Amino acid sequence: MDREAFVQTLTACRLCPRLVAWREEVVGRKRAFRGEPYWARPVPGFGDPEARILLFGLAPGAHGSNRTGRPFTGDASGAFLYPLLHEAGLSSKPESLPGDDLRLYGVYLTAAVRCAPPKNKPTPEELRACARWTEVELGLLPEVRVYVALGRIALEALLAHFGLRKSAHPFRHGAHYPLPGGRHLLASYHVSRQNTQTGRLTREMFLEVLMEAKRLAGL
DNA sequence: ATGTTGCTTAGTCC
DNA sequence: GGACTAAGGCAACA
Ligand code: SF4
Ligand SMILES: O=P([O-])(O)O
Ligand SMILES: O=P([O-])(O)O
């Protein structure tokens with residue numbers, strides 16, 4: 001299917017009952033946003049359909065993409081990620097605001113699961129269900145040369161996608177594995193506030209990942 | 001009030 | 001693999 005068909009069918013998806021409930025249950029639970037409209041639906045990917053670099057996250061944040069409708073938009077993860085994308089020359093401007101004119105250059109963003117999960121922890125079954133959408137979405141990204149897994153969950157999801165074994169591809173920040181057709185699989189700590197504010201992942205470390213992805217992508 | 005909640009990793013143990 | 005949790009720093013939240 002094409003992208004219009006993808007977005008159309010993805011947004012009406014309700015295969016995971018626990019997530020279909022959670023994505024709406026969190027609406028109004030955060031003080032700063034009570035009374036405001038929430039997307040509270042599956043989140044479609046965002047970015048350059050001709051991207052050579054794919055940044056693969058974990059899932060929607062309850063008050064992040066689940067609220068704004070755009071990956072990494074409206075929370076601490078995006079406040080960290082978007083400025084770095086611009087600093088690396090991969091976007092039109094530093095901030096991402098729903099409904100704005102932000103453009104990504106050579107990069108596309110999406111995640112393993114597309115509906116906000118309790119505790120930011122989808123079950124093995126929810127991962128298997130949404131993996132069908134990963135097949136469709138990545139199927140619509142023909143130019144990707146570098147797949148960047150943001151976190152352990154994201155990597156394991158990509159490994160499953162590429163039919164690779166966990167034992168031969170452990171998760172460690174900076175890890176780089178070869179893929180068929182001269183492509184690449186890179187692993188990075190996730191951009192979560194839990195990682196960036198605690199010091200496990202710094203702005204310097206992540207910009208480095210982005211620069212390396214550009215290098216391996218011929219950008 | 002100032003204590004709690006909430007935003008992955010890495011290791012334990014079965 | 002699966003279930004569990006200490007640790008990490010900060011600040012909205014209550
Ligand atoms: S997580 Fe994915 S598969 Fe499950 S309901 Fe949401 S879009 Fe559908
Ligand atoms: O809502 P996310 O894309 O920041 O997880
Ligand atoms: O932000 P608070 O401290 O007024 O609740």
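These numbers come from the heavy atoms of this one structure, side chains and all, not from hydrogens, waters or symmetry mates. Lettering follows sequence order; numbering is per chain, from 1.
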Asks: Which groove, major or minor, has a base atom under 5.0 Å from a side-chain heavy atom of A:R193?
Replies: minor

Asks: Report the distance from atom CD of A:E156 to atom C1' of C:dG1, rounded to the nearest whole Å.
Replies: 10 Å

Asks: Does A:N195 put a side-chain nitrogen or oxygen below 4.0 Å from OP1 or OP2 of B:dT9?
Replies: yes

Asks: Give A:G199 one of three labels, base, sugar-phosphate or nothing, depending on what nucleic acid heavy atoms sit under 4.0 Å from its own.
Replies: nothing

Asks: Is the closest side-chain donor-acceptor distance between A:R128 and A:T123 under 3.5 Å?
Replies: no

Asks: A:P124 side chain: which of B:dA10, C:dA12, C:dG2 is closest?
Replies: C:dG2

Asks: Over all strands shown, is A:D75 touching base, sugar-phosphate only, or nothing at heavy-atom distances under 4.0 angstrom?
Replies: nothing

Asks: Please lay out, stage by stage, how A:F72 and A:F80 fare under the test ring pair (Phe, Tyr, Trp, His ring centres under 6.0 Å).
Replies: CA-CA 9 Å; A:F72 299 107; A:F80 175 89; over 10 Å; no

Asks: Can you tell me which nucleotide in C:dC13, B:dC7, B:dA10 comes closest to the side chain of A:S192?
Replies: B:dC7

Asks: So, is A:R31 near the phosphate of C:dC13, with a side-chain N or O under 4.0 Å from OP1 or OP2?
Replies: yes

Asks: What is the distance, to the nearest angstrom, from the NE2 atom on A:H190 to the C1' atom on B:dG6?
Replies: 15 Å

Asks: Kindly say whether A:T73 contributes a backbone atom to a donor-acceptor pair with the side chain of A:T68 at under 3.5 angstrom?
Replies: yes

Asks: Taking the six-membered ring for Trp, are the ring centroids of A:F206 and A:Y189 within less than 6.0 Å of each other?
Replies: no

Asks: Where each pair must be Watson-Crick or G-U wobble with both distances under 3.5 Å, what dot-bracket representation of DNA chain B is obtained, with crossing pairs in [ ] and other-strand partners as |?
Replies: .|||||||||||||

Asks: In whole angstrom, give the distance that lies between atom CZ of A:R152 and atom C1' of C:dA3.
Replies: 13 Å

Asks: Tell me whether A:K93 is salt-bridged to A:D100, with the criterion being a basic N under 4.0 Å from an acidic carboxylate O.
Replies: yes

Asks: Name the residue closer to the 5' end of DNA chain B, choosing between A:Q197 and A:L150 according to the nucleotide with the nearest heavy atom.
Replies: A:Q197

Asks: Could you state the NE2-P distance from A:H63 to C:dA12, rounded to the nearest angstrom?
Replies: 15 Å

Asks: Of the nucleotides B:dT8, C:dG1, C:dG9, which one has an atom closest to the side chain of A:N120?
Replies: B:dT8

Asks: Can you identify which nucleotide, out of B:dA10, C:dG9, C:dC13, has its nearest atom closest to the A:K30 side chain?
Replies: C:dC13

Asks: Would you mind reading off the distance between A:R165 atom CZ and C:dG1 atom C1', rounded to a whole angstrom?
Replies: 14 Å

Asks: In whole Å, what is the span from the NZ atom of A:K119 to the P atom of C:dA3?
Replies: 13 Å

Asks: Provide, to the nearest angstrom, the distance between the CG atom belonging to A:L201 and the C1' atom belonging to B:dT9.
Replies: 12 Å

Asks: Could a donor-acceptor pair under 3.5 angstrom be found where the side chain of A:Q194 meets the base of C:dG9?
Replies: no

Asks: Calculate the interatomic distance between A:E125 atom CD and C:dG1 atom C1'; express it in whole Å.
Replies: 16 Å

Asks: Is there a salt bridge (charged side-chain N to carboxylate O under 4.0 Å, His left out) between A:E135 and A:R132 once you walk through the steps?
Replies: CA-CA 5 Å; A:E135 294 313 289; A:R132 71 186 61 191; over 6 Å; no

Asks: A:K214 and side-chain contact (heavy atoms from CB on, under 4.5 Å): which partner among A:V209, A:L90, A:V107?
Replies: A:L90

Asks: For the OG atom of A:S96 and the CG atom of A:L104, what is their distance to the nearest 0.5 Å?
Replies: 7.5 Å

Asks: Rounding to an integer number of angstrom, what distance separates B:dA1 and C:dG9 when you compare their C1' atoms?
Replies: 22 Å

